[PDB]
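Chain by chain, the residues:
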Amino acid sequence: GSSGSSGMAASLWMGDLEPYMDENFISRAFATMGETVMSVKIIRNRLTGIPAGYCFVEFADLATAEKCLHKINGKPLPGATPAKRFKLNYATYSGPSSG
């Protein structure tokens, strides 16, 4: 089929983030685990400017995102103080049923 459009297709969901996790921090985590992150978007408010607690990460493609999502899906996240777990999920985690 035709190329079409693609937004959050080759990206992964990353929640349970700290109130001090910026594009830099997030990028550091992945990079530390030996993962070359493409981009990172921190969902923050307009008035409070506080990060909802999750950010989106882009990658080369879905294929890579998968193998790269299962390699950290459950592993300990570096830097996290004191310490947290790599919280990753499919960008299409809309609803408990879907899975």
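Residues numbered from 1 in each chain as written, not as in the entry; some residues may be left out. Heavy atoms only, no water.

How would you summarise helix α2 (residues 62-70) if you had to cite specific residues and measurements?
Every buried residue belonging to α2 is among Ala65, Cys68 and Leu69, and all of these are buried. Along the axis of α2, the buried residues cluster in a sector spanning 100°; they form a single face. On its buried face, α2 sits against β1 (11-14) and β6 (88-90). (Buried < 20%, exposed > 50% of the residue type's maximum accessible area, 1.4 Å probe, protein only. Helix = DSSP H or I, 4+ residues; strand = E, 2+ residues; numbered from the N terminus. Arc of directions from axis to C-beta. Contact = heavy atoms within 4.5 Å.)

Just give me the short version of the packing of aromatic side chains, but keep the residues and values in it.
For the structure shown, the criterion picks out five aromatic pairs. The interplanar angle of 85° and the centroid separation of 5.7 Å between the aromatic rings of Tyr54 and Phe56 together place this pair among those described as edge-to-face. Accessibility expressed as a relative area gives 26% for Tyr54, which makes it partly exposed. Pairwise contacts between aromatic rings join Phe30, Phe59 and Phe86 into one cluster. (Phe/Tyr/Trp six-rings, centres within 6.5 Å; stacked < 30°, edge-to-face > 60°.)

Give me the lowdown on the pairing of β1, citing residues and values where you can.
Covered by surrounding structure in β1 are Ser11 and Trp13 together with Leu12 and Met14, the residues of both alternating faces. Here β1 pairs with β6 via three bridges, running antiparallel. When the bridges of β6 are listed, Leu12 appears paired with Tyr90. (Pairing = 2+ DSSP bridges.)

Tell me what's going on with the pairing of strand β3 (residues 51-58), and back it up with residues and numbers.
Two strands pair when backbone bridges link them, and β1 and β3 are joined in this way by four bridges, in the antiparallel orientation. Looking at β3, one finds that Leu12 is bridged to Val57. Bridging between strand β2 (residues 39-44) and β3 involves five bridges; their strand directions are antiparallel. Pairing of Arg44 across the sheet is with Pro51, part of β3. Counted between consecutive antiparallel strands, the loop separating β2 from β3 contains six residues, among which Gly49 sits at a positive phi close to 60°.

Give a description of the environment of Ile43 that names residues and reports values.
Within the secondary structure, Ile43 is located in strand β2. Assessed through its relative accessible area of 24%, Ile43 is described here as partly exposed. Spatially, the C-alpha atom of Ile43 lies 17 Å from that of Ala29, the residues being 14 residues apart in sequence. When sequence neighbours within four positions are dropped, the list of residues in contact with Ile43 reads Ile50, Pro51, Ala52, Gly53, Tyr54 and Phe56.

Tell me what's going on with the sheet that holds β1, and back it up with residues and numbers.
Spatially, the four strands line up as an open sheet ordered β2-β3-β1-β6, and their pairing is antiparallel. This sheet does not close on itself; its edge strands, each paired only once, are β2 and β6. Strand-to-strand, the axes of this sheet are offset by a mean angle of 30°, without reference to chain direction. Contacting β1, β2, β3 and β6, helix α1 (residues 23-32) crosses the sheet at an angle of about 135° to β2. (Axes fitted to C-alpha atoms, helices over the stretch in contact; angles between N-to-C directions.)

Such coordinate-based values are descriptive only and should not be taken to indicate function.
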